[PDB]
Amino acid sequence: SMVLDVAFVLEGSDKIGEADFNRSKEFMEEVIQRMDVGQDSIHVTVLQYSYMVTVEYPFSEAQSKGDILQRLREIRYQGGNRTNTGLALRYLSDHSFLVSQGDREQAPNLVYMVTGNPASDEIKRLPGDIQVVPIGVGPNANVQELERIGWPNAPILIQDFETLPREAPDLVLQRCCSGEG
């Protein structure tokens, strides 16, 4: 009944580290489990980023909850020496959300992006047909950058990675899905 194209983007840099990445992955998996994901409803794509952007699941592969969860359970922390948030945002606009890559023109493009550090590269807000909700986590997230990305809405700010998988899934569901889930 809910027709949305949802991207999750997780920072996996050396500064995040493996344990906090695992907490971000748990956050993502909980949300996916609770969303109405499926062939004719919510579609999911997933990026992990640091220096480079890794497509962990594209819109063009099977949009079935089981297939998505299996793959996401199998993928792992990538590490890396930058937080190239701008590169990741450009990737969403230039590739992830193209109709040629499985985007549906009529389904709103929503992004939930978890970051814990200031960007290493240049940040500009994406063209507005892409709605980005940044989730800043811990004391080194740059609030002004996240406001720029997320305008007109406030970023979701989470105190630390321990708190992320316990508080953030409800917050995302409130935004995407009227709190149903």
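Sequential numbering from 1, following the sequence displayed.
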(request) Pick between 55-63 and 112-120: the one whose mean CA B-factor in the entry is higher. (result) 55-63
(request) State which stretch shows the higher mean Cα B factor in the entry: 10-18 or 167-175. (result) 167-175
(message) Looking at the C-alpha B-factor values in the deposited entry, which of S50, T45, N142, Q70 comes out highest?
(response) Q70
(message) How does the C-alpha B factor of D94 compare with the rest of the chain: lowest, middle or highest third?
(response) lowest
(request) Give the position of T85 by CA B-factor within its chain, expressed as the lowest, middle or highest third. (result) lowest
(message) Where does the C-alpha B-factor of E26 rank in its chain, lowest, middle or highest third?
(response) lowest
(request) Quick one: classify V132 as lowest, middle or highest third of the chain based on its Cα B-factor. (result) lowest
(request) Select lowest, middle or highest to describe the third in which the CA B-factor of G38 falls within its chain in this entry. (result) middle
